[PDB]
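Since the structure comes first, as structure tokens, the remarks are kept for the end.
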Ligand SMILES: CCCCCCCCCCCC
Ligand SMILES: [Fe+3]
Ligand SMILES: [Fe+3]
Ligand SMILES: [Fe+3]
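In the authors' numbering, the protein residues as written are 13 to 387, 415 to 467.
Below you can see the structure in the form of structure tokens.
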């Protein structure tokens, strides 16, 4: 079974090359428009190829899935992204602090570098799920230029666990404007990351202000990079880096807004939420954007099986579908009323006119209800095996720890989507 779209994945590592070409053209021909090579590319060009080329509801055969995850080329693709984002950042900073510029082209440079680092954040997300030790460090390195390093902890252990619940500071509520959502998600991510790492360290009988704190390990790389650039160039370099990092963080947060807008997970008869399923996240199958990003828009199979590699994701008929691709709907997300008009009918239709099973904004509940309501152990998902003789030293359990001493709320440390009570006791 020939994959077909094998070499077409190369567009994903090609975006930083596009930014580099734009910077080179600006430096050579001295034309201002070439600075805006990022905003134009991700606002007018991509949501034009997305219109030209339609859907694709295709899945790999089950037999071929075994060998798709053992191909080194699909990992070389992701690895190739790294040694061009740093080049783009360095060149952009040098140009912004050295060459004479007007205000608007300075803004264009900021936006271009920020966009490159936002797709860098996407690559970091793709890298941080793999259980290989080297990939975690590579993801931490990738998150450095955008200065948002706590993502590696938060996404892996507080978002994938609290999907589509009124507690997660990463799931939208229907009726909530984006600008009323950005501070909430940013602050909640900070607090949750700090709390998670402090809890783990305290369980390990060690102070939070230690070199083992992964948040500090992630932020040290950003501190080092920014300090080196500032020492080489000066304060304007620091200002430019701060602005571009802010824009990249905004780019990540708008996608977080889009993914799970309005959905909700139903409580089990006992006091816990049901396991995450493909019907708890929006999905789309637009070819061009799924090529420029690493199969990102299929945020159902990944977000219910957070170990399948990006080349083996599937399409599920039960999931809700977006009107278009992600890049197609970024302008109709900064504008609140337009986004509401586009989305609210779709949510109501998906829930069959019964909006008592939706994540409703508390201040706007009554209006929406008036307008729309017309009625040895193993993990069963990722295969991780816990052995009493080996134990889990990272989580604070020394070797020789009987299964009874594990807390009931403990979750699988490869996927964090199954609790202790969901494991299966393997036979001797
Ligand atoms: C939850 C996965 C994070 C995805 C990060 C992508 C952010 C950049 C997307 C830009 C699309 C135009
Ligand atoms: Fe998500
Ligand atoms: Fe993920
Ligand atoms: Fe697991």
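Backbone N, C-alpha and C fix where the C-beta goes; we use that ideal spot for every residue, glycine too.
DSSP-derived helix/strand/coil call for residue i
{"i": "residue 218", "result": "coil"}
{"i": "residue 463", "result": "strand"}
{"i": "residue 355", "result": "helix"}
{"i": "residue 416", "result": "strand"}
{"i": "residue 32", "result": "helix"}
{"i": "residue 342", "result": "coil"}
{"i": "residue 147", "result": "helix"}
{"i": "residue 394", "result": "Absent from the coordinates is residue 394, which sits in the stretch where the chain moves from 387 straight to 415."}
{"i": "residue 23", "result": "helix"}
{"i": "residue 113", "result": "coil"}
{"i": "residue 372", "result": "strand"}
{"i": "residue 183", "result": "coil"}
Distance between residue j and residue i (C-alpha atoms, nearest Å)
{"i": "residue 391", "j": "residue 430", "result": "In this structure residue 391 is absent; the chain steps straight from 387 to 415."}
{"i": "residue 199", "j": "residue 166", "result": "12 Å"}
{"i": "residue 352", "j": "residue 277", "result": "22 Å"}
{"i": "residue 47", "j": "residue 150", "result": "29 Å"}
{"i": "residue 316", "j": "residue 324", "result": "13 Å"}
{"i": "residue 57", "j": "residue 354", "result": "22 Å"}
{"i": "residue 379", "j": "residue 168", "result": "35 Å"}
{"i": "residue 117", "j": "residue 43", "result": "10 Å"}
{"i": "residue 142", "j": "residue 424", "result": "16 Å"}
{"i": "residue 428", "j": "residue 437", "result": "9 Å"}
{"i": "residue 170", "j": "residue 114", "result": "43 Å"}
{"i": "residue 108", "j": "residue 253", "result": "10 Å"}
{"i": "residue 110", "j": "residue 233", "result": "25 Å"}
{"i": "residue 186", "j": "residue 383", "result": "13 Å"}
{"i": "residue 153", "j": "residue 76", "result": "33 Å"}
{"i": "residue 93", "j": "residue 454", "result": "24 Å"}
{"i": "residue 308", "j": "residue 327", "result": "12 Å"}
{"i": "residue 237", "j": "residue 86", "result": "29 Å"}
{"i": "residue 175", "j": "residue 386", "result": "27 Å"}
{"i": "residue 50", "j": "residue 222", "result": "39 Å"}
{"i": "residue 40", "j": "residue 24", "result": "26 Å"}
{"i": "residue 66", "j": "residue 197", "result": "32 Å"}
Residue i burial status per 10 Å Cβ neighbour count (16 or more: buried)
{"i": "residue 64", "result": "exposed"}
{"i": "residue 101", "result": "buried"}
{"i": "residue 173", "result": "buried"}
{"i": "residue 288", "result": "buried"}
{"i": "residue 443", "result": "exposed"}
{"i": "residue 90", "result": "buried"}
{"i": "residue 256", "result": "buried"}
{"i": "residue 465", "result": "exposed"}
{"i": "residue 182", "result": "buried"}
{"i": "residue 192", "result": "exposed"}
{"i": "residue 269", "result": "buried"}
{"i": "residue 79", "result": "exposed"}
{"i": "residue 16", "result": "exposed"}
{"i": "residue 45", "result": "exposed"}
{"i": "residue 160", "result": "buried"}
{"i": "residue 329", "result": "exposed"}
{"i": "residue 248", "result": "exposed"}
8 Å contact criterion, which residue i and residue j should meet: CB distance rounded
{"i": "residue 338", "j": "residue 123", "result": "About 17 Å; that fails the 8 Å criterion."}
{"i": "residue 348", "j": "residue 341", "result": "With a Cβ gap of about 13 Å, residue 348 and residue 341 do not count as contacting."}
{"i": "residue 133", "j": "residue 158", "result": "6 Å"}
{"i": "residue 298", "j": "residue 332", "result": "At roughly 15 Å, the Cβ-Cβ gap does not stay under 8 Å, so residue 298 and residue 332 are not in contact."}
{"i": "residue 279", "j": "residue 273", "result": "That belief does not hold up - the Cβ atoms of residue 279 and residue 273 are roughly 21 Å apart, past 8 Å."}
{"i": "residue 138", "j": "residue 322", "result": "6 Å"}
Quick one: complete alpha helix (DSSP H) runs, 4+ long, within the stretch 188-267? Segments of the alpha helix (DSSP H) lying fully in the stretch 188-267: 194-215, 226-244.
Which runs of the alpha helix (DSSP H) spanning at least 4 residues fall entirely within the stretch 44-77, listed in chain order? 58-64
In chain order, which continuous runs of the alpha helix (DSSP H) of length 4 or greater are located wholly inside the stretch 253-339? 299-304, 313-316
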